[PDB]
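Asks: The structure is given below, and queries will be raised subsequently.
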Amino acid sequence: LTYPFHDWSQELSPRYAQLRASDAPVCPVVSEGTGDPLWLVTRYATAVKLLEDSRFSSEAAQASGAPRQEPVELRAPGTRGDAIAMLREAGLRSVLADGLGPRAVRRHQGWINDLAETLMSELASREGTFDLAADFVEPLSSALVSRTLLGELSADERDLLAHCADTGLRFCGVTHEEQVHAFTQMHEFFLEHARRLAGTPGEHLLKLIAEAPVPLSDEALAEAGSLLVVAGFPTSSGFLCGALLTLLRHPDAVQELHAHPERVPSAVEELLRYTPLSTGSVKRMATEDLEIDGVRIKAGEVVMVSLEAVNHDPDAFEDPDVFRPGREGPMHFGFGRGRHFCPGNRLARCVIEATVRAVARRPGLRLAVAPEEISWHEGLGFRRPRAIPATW
Ligand code: HEM
Ligand SMILES: [Ca+2]
């Protein structure tokens with residue numbers, strides 16, 4: 001099987017269930033983009049074992065010469081390209097926790113919820129239809145990235161970074177050179193502007209990084225900027241788009257949340273399980289000869305986990321393809337698993353929760369077209385509809 005499976009919409013590729021039901025806990029595939037052989041995990045039980053065993057390394061799956069699912073290396077040529085380890089290396093775990101953890105959620109949750117309400121309120125004051133992607137998701141996720149991560153961006157700088165991230169993270173639809181050049185653009189942008197961005201007002205993470213004792217060079221600050229773009233922008237915008245679609249297709253569940261606001265946290269977790277995001281997989285490279293559920297993985301081979309496939313594994317979740325807030329199953333994989341559990345998870349949950357409450361407070365919000373008529377960006381690394389026509 002060639003990988004990925006080109007399931008660009010919210011419909012998960014049937015290949016995932018096909019490999020899940022097979023006997024093997026890891027199945028061989030071939031990267032469409034590079035022809036590299038890869039291993040693919042689709043079952044919850046195996047993904048836990050893989051992602052909690054640190055002998056399968058995330059860092060090694062990015063070293064020069066690594067087999068990969070992506071058409072290009074996800075870095076600007078000549079750069080280190082694993083900023084999160086570089087920042088942990090430089091001794092900034094405490095800074096990252098201040099900038100991303102519960103203390104940050106406290107600093108930002110107020111305006112995040114004000115903004116979500118304001119955006120939804122302006123849309124409700126309209127006659128007729130509007131576009132929840134352009135009119136709600138884009139301003140909310142852009143504000144999250146600017147105020148909590150990078151600093152104040154001009155609209156043109158937001159557009160450049162968002163576009164570079166989309167193009168850089170593609171599986172297809174652009175040439176390999178344009179993909180590499182997206183990373184180069186972003187890096188060259190942060191070479192010129194990261195230090196300036198770190199000085200703008202606020203308490204965004206890039207400022208905390210620049211203001212912490214280690215000082216961090218221009219190139220280190222620039223690798224921090226690119227990491228935050230690719231980890232925070234297409235993920236947040238993709239996911240908030242998908243979660244709105246999920247909510248608009250379950251008015252019964254929205255009405256329950258309207259009646260019972262205390263149930264919103266469980267709905268946030270179920271959206272993180274149910275709503276698909278990446279069109280590829282997280283990856284790890286065997287740092288030595290290892291065995292996973294009886295399958296030998298040679299040193300240097302790369303194992304992928306489809307989080308979407310795991311999140312829809314019926315061995316872990318009864319009725320996995322039903323949206324069920326309050327379900328009492330195991331932990332979802334929406335943020336991954338183990339040491340590399342998304343450190344953005346606190347701020348992401350904050351913005352997702354703000355979005356769910358803004359919707360639940362205004363029942364009657366609905367798609368203005370049929371789910372089948374929604375148009376999807378084809379070939380992105382993280383699913384995203386082109387527009388979300390909606391109305392009251
Ligand atoms: C402000 C927003 C976000 C920030 C700053 C952020 C940041 C990060 C960073 C730095 C990593 C790398 C951690 C590591 O390799 O040790 C990561 C991993 C991850 N992020 Fe996020 N993220 C954000 C939003 C999201 C969202 C909305 C999702 C999905 C709903 C998500 C899903 C993931 C997953 C699944 C991983 C694990 C990747 C792996 O195992 O290799 N992130 N995130
Ligand atoms: Ca090799």
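Residues in the structure tokens are numbered from 1 in each chain, the chains being A, B, ... in the order shown, and ligands are numbered from 1 in the order shown.
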Enumerate as a count of residues only the residues within 10 Å of ligand 2, counting only C-alpha atoms and all ligand atoms.

Replies: 11

Asks: Could you list, as number ranges by chain, all residues that come within 7 Å of ligand 1? Count only C-alpha atoms and all ligand atoms.

Replies: A: 58, 84, 144-145, 149, 227-228, 231-233, 235-236, 239, 272, 277, 282-283, 333-337, 339-345, 347-348

Asks: Residues as selected, C-alpha atoms, written as a tab-separated table (two decimals), in the first residue's frame, can you do that?

Replies:
```tsv
chain	number	residue	atom	x	y	z
A	58	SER	CA	10.97	11.07	17.39
A	84	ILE	CA	11.57	21.43	20.68
A	144	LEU	CA	-4.16	32.49	19.51
A	145	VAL	CA	-0.93	32.14	17.50
A	149	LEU	CA	2.99	32.12	20.67
A	227	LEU	CA	8.29	25.28	15.14
A	228	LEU	CA	5.47	27.31	16.67
A	231	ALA	CA	2.82	23.07	15.35
A	232	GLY	CA	0.22	25.72	16.19
A	233	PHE	CA	-1.26	27.22	13.04
A	235	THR	CA	-3.38	22.24	13.62
A	236	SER	CA	-5.52	24.84	15.40
A	239	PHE	CA	-9.09	21.21	14.16
A	272	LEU	CA	-10.43	15.44	20.03
A	277	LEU	CA	-7.07	16.13	11.71
A	282	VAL	CA	3.17	10.57	13.82
A	283	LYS	CA	6.47	8.78	13.36
A	333	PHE	CA	-4.84	10.05	20.85
A	334	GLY	CA	-5.84	13.50	19.52
A	335	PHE	CA	-2.77	14.98	21.24
A	336	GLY	CA	-0.60	11.88	20.84
A	337	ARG	CA	0.79	9.80	23.67
A	339	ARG	CA	6.73	12.05	26.16
A	340	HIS	CA	5.74	13.92	22.99
A	341	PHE	CA	2.15	14.54	24.10
A	342	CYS	CA	1.26	17.88	22.55
A	343	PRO	CA	2.59	20.61	24.87
A	344	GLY	CA	0.11	22.89	23.11
A	345	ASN	CA	-2.71	20.77	24.56
A	347	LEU	CA	-4.03	26.25	25.00
A	348	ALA	CA	-5.68	24.05	22.35
```

Asks: Go through range 294-359 of chain A residue by residue and, counting only C-alpha atoms, keep those with an atom at most 7 Å from range 44-54 of chain A; for each kept residue give the shortest atom pair and its distance in Å to one decimal, ordered by chain and increasing number, as JSON lines.

Replies:
```
{"residue": "A:305", "atom": "CA", "partner": "A:47", "partner_atom": "CA", "distance": 6.3}
{"residue": "A:310", "atom": "CA", "partner": "A:44", "partner_atom": "CA", "distance": 4.7}
{"residue": "A:313", "atom": "CA", "partner": "A:44", "partner_atom": "CA", "distance": 6.2}
{"residue": "A:316", "atom": "CA", "partner": "A:44", "partner_atom": "CA", "distance": 6.4}
{"residue": "A:337", "atom": "CA", "partner": "A:51", "partner_atom": "CA", "distance": 6.0}
{"residue": "A:338", "atom": "CA", "partner": "A:52", "partner_atom": "CA", "distance": 5.0}
```

Asks: Considering only C-alpha atoms, state which residue in the set A:319, A:279, A:29, A:371 is at the smallest distance from residue 171 in chain A.

Replies: A:279

Asks: For the atom pair CA of residue 70 in chain A and CA of residue 41 in chain A, what is the interatomic distance in Å to one decimal place?

Replies: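 Computing it gives 16.7 Å between the two atoms.
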
Asks: Excluding residue 230 in chain A and its own-chain neighbours fewer than 4 positions away, which residues fall within 7 Å of it when counting only C-alpha atoms? Please give them as an MDAnalysis selection string.

Replies: chainID A and resid 165 226 234

Asks: Record the distance separating CA of residue 109 in chain A and CA of residue 351 in chain A, expressed in Å with one decimal.

Replies: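 Computing it gives 7.9 Å between the two atoms.
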
Asks: So, with only C-alpha atoms as the atoms that count, which of A:359, A:392, A:3, A:194 lies closest to residue 120 in chain A?

Replies: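 Answer, going by the shortest atom-to-atom distance: A:359.
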
Asks: I'd like the interatomic distance between CA of residue 223 in chain A and CA of residue 146 in chain A, to a tenth of an Å.

Replies: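 Computed distance, CA of residue 223 in chain A to CA of residue 146 in chain A, equals 16.4 Å.
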
Asks: Between A:12, A:75, A:117, A:21, which one has atoms that come closest to residue 179 in chain A, using only C-alpha atoms?

Replies: A:75

Asks: List the spatial neighbours of range 95-98 of chain A as a ChimeraX atom specification - criterion: any atom at most 12 Å away, only C-alpha atoms, same-chain residues fewer than 4 positions off excluded.

Replies: /A:84-85,87-88,90-91,102-107,148-149,203-214,224,228,342-347

Asks: Grab the residues selected above and save them as a PDB file, in the first residue's frame with C-alpha atoms.

Replies:
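The resulting file, out.pdb, is shown below:
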```pdb
ATOM      1  CA  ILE A  84      11.567  21.425  20.678  1.00  0.00           C
ATOM      2  CA  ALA A  85      14.570  19.285  21.653  1.00  0.00           C
ATOM      3  CA  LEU A  87      14.848  24.338  23.425  1.00  0.00           C
ATOM      4  CA  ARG A  88      14.643  21.541  25.969  1.00  0.00           C
ATOM      5  CA  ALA A  90      19.034  24.735  26.147  1.00  0.00           C
ATOM      6  CA  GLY A  91      17.240  24.247  29.485  1.00  0.00           C
ATOM      7  CA  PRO A 102      -1.989  26.174  33.170  1.00  0.00           C
ATOM      8  CA  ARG A 103      -0.410  29.523  34.027  1.00  0.00           C
ATOM      9  CA  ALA A 104      -0.694  30.541  30.373  1.00  0.00           C
ATOM     10  CA  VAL A 105      -4.282  29.295  30.116  1.00  0.00           C
ATOM     11  CA  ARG A 106      -5.044  31.563  33.060  1.00  0.00           C
ATOM     12  CA  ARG A 107      -3.424  34.592  31.420  1.00  0.00           C
ATOM     13  CA  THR A 148       0.168  33.303  22.975  1.00  0.00           C
ATOM     14  CA  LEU A 149       2.993  32.119  20.665  1.00  0.00           C
ATOM     15  CA  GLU A 203       3.622  37.474  27.287  1.00  0.00           C
ATOM     16  CA  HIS A 204       3.706  35.257  24.212  1.00  0.00           C
ATOM     17  CA  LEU A 205       5.968  32.199  24.305  1.00  0.00           C
ATOM     18  CA  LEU A 206       8.601  33.560  21.894  1.00  0.00           C
ATOM     19  CA  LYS A 207       9.183  36.499  24.260  1.00  0.00           C
ATOM     20  CA  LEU A 208       9.520  34.190  27.277  1.00  0.00           C
ATOM     21  CA  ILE A 209      12.048  32.123  25.328  1.00  0.00           C
ATOM     22  CA  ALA A 210      14.056  35.188  24.312  1.00  0.00           C
ATOM     23  CA  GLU A 211      13.969  36.621  27.860  1.00  0.00           C
ATOM     24  CA  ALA A 212      15.196  33.477  29.603  1.00  0.00           C
ATOM     25  CA  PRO A 213      18.757  32.658  30.744  1.00  0.00           C
ATOM     26  CA  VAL A 214      20.636  29.903  28.896  1.00  0.00           C
ATOM     27  CA  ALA A 224      11.560  28.412  17.677  1.00  0.00           C
ATOM     28  CA  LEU A 228       5.466  27.313  16.671  1.00  0.00           C
ATOM     29  CA  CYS A 342       1.261  17.879  22.553  1.00  0.00           C
ATOM     30  CA  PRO A 343       2.595  20.614  24.869  1.00  0.00           C
ATOM     31  CA  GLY A 344       0.113  22.895  23.110  1.00  0.00           C
ATOM     32  CA  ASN A 345      -2.705  20.768  24.565  1.00  0.00           C
ATOM     33  CA  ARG A 346      -3.607  23.254  27.315  1.00  0.00           C
ATOM     34  CA  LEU A 347      -4.027  26.248  25.004  1.00  0.00           C
TER      35      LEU A 347
END
```

Asks: Could you give me the residues within range 67-209 of chain A that DSSP places in helix (DSSP H, G or I), as a ChimeraX atom specification?

Replies: /A:83-89,93-100,102-124,132-150,155-168,176-199,205-209
